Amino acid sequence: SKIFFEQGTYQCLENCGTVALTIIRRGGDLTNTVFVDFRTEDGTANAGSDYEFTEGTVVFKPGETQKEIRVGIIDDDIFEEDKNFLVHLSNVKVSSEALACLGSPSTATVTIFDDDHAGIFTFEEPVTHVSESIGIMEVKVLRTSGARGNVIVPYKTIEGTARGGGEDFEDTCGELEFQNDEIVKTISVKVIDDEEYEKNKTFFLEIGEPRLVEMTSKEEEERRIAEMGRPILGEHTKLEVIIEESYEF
């Protein structure tokens, strides 16, 4: 009798390649032979660009309340904001081999989350404490908001009350190479033991501007939003390293 959409709202990723939506019959009749016509309407997302066209008929054989439809999701590499498109149910039968009914929701809203932000690069903490022991130390550099593309993130150590050159820490410079879909990377810095106490030895580890490696009204804002999917620095671009002393014994 009543036949409608499981979830009034769906969501997916642009690279999902496709998105499954489920339809149901509530009751008011048993079985069998009910089929529902579905089709996609455009929201802020358009067919042929953000997704694929999607119309067909769904057949209900006996003893079943669950059928799924699948809409193709078009993927490219151009950063976009979130966009939506609708899927409508219509023309219920009426086997004749009845009357209505629509049911609710007869339409679903699919949200396509984009996966082309080159990422925001940041340290996890503004300050870290480490003992003189432990020699080398691992420092994670994060890529958030997106993993798309090969990004190069430069870094270096800045001498504080703690001196480098082989006194307190061993100077380190270079650039981390973030592969596509890759998120985390560690920086190794050599902390050495002093025959000497001193106090609160502080030195810094900084990351520079990231950059990626080589190889109409709507279209304009579309290309402007695209320029916002480039690699940028995050909340913490500089790490202060405090060194704890002792414990002799």
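From 1 onward, residues are counted along the sequence shown.
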Deposited residues missing from the model between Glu97 and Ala98 number 10 or more
Missing residues, deposited sequence, between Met215 and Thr216 (class: none, 1 to 3, 4 to 9, 10 or more): 10 or more
40-48 set against 63-71, stretch whose average Cα temperature factor tops the other in the entry: 63-71
Average Cα temperature factor in the PDB entry - higher stretch of 105-113, 141-149: 105-113
From the entry's CA B-factor values, the highest among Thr128, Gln179, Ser133, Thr161 is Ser133
From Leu205, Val191, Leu30, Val184, pick the one with the largest CA B-factor in the entry? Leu30
Looking at the temperature factor on the CA atom of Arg224, which third of the chain's modelled residues does it land in? middle
B-factor third for the C-alpha atom of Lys93 within its chain: highest
Third of chain Cα B-factors occupied by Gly119: lowest
Relative to the other modelled residues in the chain, which third contains the C-alpha temperature factor of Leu233: lowest, middle or highest? lowest
Ranked by Cα temperature factor within the chain, is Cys12 in the lowest third, the middle third or the highest third? lowest
